[PDB]
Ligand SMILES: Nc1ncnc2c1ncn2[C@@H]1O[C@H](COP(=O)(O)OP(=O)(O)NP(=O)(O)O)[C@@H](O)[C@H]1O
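Take a look at this single chain, the form deposited without the ligand, given in structure tokens.
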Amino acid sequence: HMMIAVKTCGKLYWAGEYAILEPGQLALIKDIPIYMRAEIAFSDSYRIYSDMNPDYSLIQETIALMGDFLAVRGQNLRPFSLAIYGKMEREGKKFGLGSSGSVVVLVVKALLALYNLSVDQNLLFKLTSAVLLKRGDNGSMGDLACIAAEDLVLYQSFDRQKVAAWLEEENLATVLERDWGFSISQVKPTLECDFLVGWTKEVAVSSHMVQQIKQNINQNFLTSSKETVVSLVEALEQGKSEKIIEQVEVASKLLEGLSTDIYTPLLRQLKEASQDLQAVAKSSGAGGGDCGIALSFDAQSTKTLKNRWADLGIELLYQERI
């Protein structure tokens, strides 16, 4: 009488923001080892637990979709109990690590496990994206790609409207079989450097400011953005530190050109602190707040980036030896 335990990580974009909303575009997304956890087991009635928070309807919709998928697999959903917790859970959506996306993947991994199923990256991405698509969501779905793979990944988006229409016209089994047109592949840098996440403690851009920004998206942006991602990836696999630094800067500038709202006073500051250091920093996500990222290429630059961030009131959220 043992319950099953699963975990889901978070994610942060490295490049491709906004451009990724256009089908066929590319994005570089990093997985963060700050986990959301759940325990699951069959019981007398259906129950969702929290230690004596996440979107309740989101969890319910995921469970419903999973009941459909299990039905297709010749199995039936029965009363079970799900408990959700973990650092990601303790403090809602502060960080901007994709809480909402991590819950969907979490519930899906939980139910699949309870039913002795272990699907591949793409199917897990399809099941999770499906819930959001049925929900009307139109984001790129890059977060789920990164979270379903738990690797630094190169993501090529797909047309959501298309697949979303499929889900209201065809039966789940039919949609899951088709080709959505997305691509998820791991990226392995061949250099050793420090990756730092600086949290500005600021709320991210809202819906109005978001729409306004994408409305600024135009062909030069998409074309240059896609090229930059290709170069950053090459630079990472080829390991040219001076090359990674240039492209990240290019990417950062391509964003400032899209809208001055992405970069806020603290974010600029988070970025400026990279000056004259063998490192590079940049905004990550919808922008307007949340986190900023940095890659440092020597112990000295790293120590100085940290001290500068602390003095600026920027909280070191995470650190990893790429």
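Throughout, we count residues from 1 along the sequence that is shown. Note that the rigid core is defined as the largest set of C-alphas that superpose within 1.5 Å between two forms.
Chemist: Using only the Cα atoms and their B-factors as the entry lists them, report which of 77-85 and 242-250 averages higher.
Modeler: So the stretch with the higher mean C-alpha B-factor is 242-250.
Chemist: For the higher mean C-alpha B factor in the entry, choose 259-267 or 64-72.
Modeler: Stretch with the greater average CA B-factor: 259-267.
Chemist: Could you tell me which one of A164, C193, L127, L112 shows the highest CA temperature factor in the PDB record?
Modeler: The record points to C193.
Chemist: Between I48, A38, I29, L277, which one tops the list for Cα B-factor in this entry?
Modeler: In this record, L277 carries the highest C-alpha B-factor of the candidates.
Chemist: Would you mind ranking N116 by its C-alpha B-factor against the rest of the chain and naming the third, lowest, middle or highest?
Modeler: Within its chain, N116 is a lowest-third residue by C-alpha B-factor, going by the deposited values.
Chemist: Select lowest, middle or highest to describe the third in which the CA B-factor of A299 falls within its chain in this entry.
Modeler: According to the entry, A299 has a C-alpha B-factor in the chain's highest third.
Chemist: Taking the chain's C-alpha temperature factors as the reference, tell me which third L316 falls into: lowest, middle or highest.
Modeler: CA B-factor rank for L316: middle third.
Chemist: Would you mind checking where the Cα B-factor of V153 ranks among the modelled residues of its chain, as the lowest, middle or highest third?
Modeler: Lowest third, going by the recorded CA B-factors of the chain.
Chemist: Just say lowest, middle or highest third for the CA B-factor of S43 relative to the other modelled residues in its chain.
Modeler: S43: CA B-factor falls in the lowest third of its chain.
From this point on, the text means the form solved in complex with the ligand, which you will not see here.
Chemist: Overlaying the pocket C-alphas and bringing the ligand over as found in the deposited bound form, would you call this site open, or blocked by 3+ ligand atoms sitting within 2.4 Å of backbone or C-beta?
Modeler: This form leaves the site blocked.
Chemist: Choose one stretch from 90-98, 121-129, 185-193, 228-236: the one whose residues place a heavy atom within 4.5 angstroms of the ligand in the deposited bound form.
Modeler: Selected range: 90-98.
Chemist: Is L58 close enough to the ligand in the deposited bound form to count, meaning some heavy atom within 4.5 Å?
Modeler: The answer is yes: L58 has a heavy atom within 4.5 Å of the ligand.
Chemist: Check whether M36 has any heavy atom within 4.5 Å of a heavy atom of the ligand in the deposited bound form, and answer yes or no.
Modeler: The answer is yes: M36 has a heavy atom within 4.5 Å of the ligand.
Chemist: Determine whether any heavy atom of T174 comes within 4.5 Å of a heavy atom of the ligand in the deposited bound form, and answer yes or no.
Modeler: Residue-level check for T174: no, no contact with the ligand.
Chemist: Does the 4.5 Å heavy atom contact test between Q212 and the ligand in the deposited bound form come out positive?
Modeler: So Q212 does not count as contacting the ligand.
Chemist: Within 4.5 Å of the ligand in the deposited bound form, heavy atoms considered, which of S206, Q75, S81, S224?
Modeler: For this set of options, the contacting one is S206.
Chemist: Using a 4.5 Å cut on heavy atoms, which of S45, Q275, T260, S50 is close to the ligand in the deposited bound form?
Modeler: Among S45, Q275, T260, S50, a heavy atom within 4.5 Å of the ligand in the deposited bound form occurs only for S50.
Chemist: Where, within 282-321, is there a heavy atom within 4.5 Å of the ligand in the deposited bound form? Residue list please.
Modeler: Heavy-atom contacts within 4.5 Å come from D290 alone.
Chemist: Listing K93, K240, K162, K134 as candidates, which single one shows a C-alpha movement of 2 Å or greater between this form and the one not shown when the core is held fixed?
Modeler: It is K93; the other listed residues stay below 2 Å.
Chemist: Relative to the superposed rigid core, does the CA atom of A71 travel 2 Å or more between this form and the one not shown?
Modeler: No, its C-alpha moves less than 2 Å.
Chemist: Could you check, with the core superposed, whether the Cα atom of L114 shifts 2 Å or more between this form and the one not shown?
Modeler: No; that C-alpha moves by less than 2 Å between this form and the one not shown.
Chemist: With the core lined up, does the C-alpha of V210 move 2 Å or more between this form and the one not shown?
Modeler: Superposed on the core, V210 moves its C-alpha 2 Å or more between this form and the one not shown.
Chemist: Over in the other structure, so in the deposited bound form, do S206 and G96 pull closer or drift farther apart at the C-alpha level? The difference is 3 angstroms or more.
Modeler: Compared with this form, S206 and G96 lie closer in the deposited bound form.
Chemist: Explain in one word, closer or farther, how the Cα atoms of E91 and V107 are placed in the deposited bound form relative to this form, where the distance changes by 3 Å or more.
Modeler: Farther, not closer.
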